[PDB]
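What follows is a single structure, written as structure tokens, with notes after it.
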Amino acid sequence: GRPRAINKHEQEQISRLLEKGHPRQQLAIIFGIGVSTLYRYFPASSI
DNA sequence: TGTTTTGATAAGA
DNA sequence: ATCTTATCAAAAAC
């Protein structure tokens with residue numbers, strides 16, 4: 001199958017970043033991934 | 001040419 | 001304008 005966009009290390013990082021209030025929009029641009037991908041890994045209801 | 005995850009996208013009592 | 005969610009066509013890898 002297709003590889004994941006973010007490995008576990010990046011996941012754990014990105015998690016904290018969002019809990020610190022970083023907009024998914026920016027995070028997506030920086031990590032080179034879709035914005036909707038971010039909502040799937042970390043739902044708004046999960047922060 | 002054949003069988004997992006990405007990312008646009010539409011809809012949101 | 002904005003923000004969120006689940007969907008579904010197809011990229012990505014072998």
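The sequence lines fix the lettering, A, B, ..., with proteins before strands; numbering per chain opens at 1.
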Sub-3.5 Å pairs of nitrogen or oxygen atoms, protein against nucleotides 9-11 of chain C:
| unit_1 | atom_1 | unit_2 | atom_2 | d |
| --- | --- | --- | --- | --- |
| C/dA11 | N3 | A/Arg2 | NH1 | 3.2 |

So which protein nitrogen or oxygen atoms get under 3.5 Å of nucleotides 2-4 of chain C's nitrogens or oxygens?
| unit_1 | atom_1 | unit_2 | atom_2 | d |
| --- | --- | --- | --- | --- |
| C/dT4 | OP2 | A/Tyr39 | OH | 2.8 |

Which atom pairs link the protein and nucleotides 8-10 of chain B when you take only N or O atoms and keep those under 3.5 Å?
| unit_1 | atom_1 | unit_2 | atom_2 | d |
| --- | --- | --- | --- | --- |
| B/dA8 | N7 | A/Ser36 | OG | 2.8 |
| B/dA8 | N6 | A/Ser36 | OG | 3.0 |

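Spacing between atom CG of A/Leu38 and atom P of C/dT5 amounts to 12 Å, rounded to whole angstrom units. Rounded to an integer number of Å, the gap from CZ of A/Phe31 to P of B/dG7 is 13 Å. As rounded to whole Å, 6 Å separates atom P of B/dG7 from atom CD1 of A/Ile33. In this structure, the CG atom of A/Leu27 is 14 Å from the P atom of B/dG7, given to the nearest Å. The CD atom of A/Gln11 sits 11 Å away from the P atom of B/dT5 (whole-angstrom rounding).
When every heavy atom of A/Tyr39 is checked against every heavy atom of A/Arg24, the shortest pair comes out as CE2-NH1, 3.3 Å. The shortest heavy-atom contact between A/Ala5 and A/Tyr41 is N-OH, 4.1 Å.
Counting heavy atoms from C-beta outward, A/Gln13 and A/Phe31 have side chains that approach closer than 4.5 Å.
No option in A/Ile6, A/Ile33, A/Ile14, A/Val35 other than A/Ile14 meets the side-chain contact (heavy atoms from CB on, under 4.5 Å) test with A/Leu27.
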* Based on Watson-Crick and G-U pairs with both distances under 3.5 Å, what dot-bracket line describes DNA chain B 5' to 3', crossing pairs as [ ] and inter-strand pairs as |? -> .|||||||||||.

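Rounding to the nearest 0.5 angstrom, the gap separating the CD atom in A/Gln25 from the CD1 atom in A/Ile30 is 10.0 Å.
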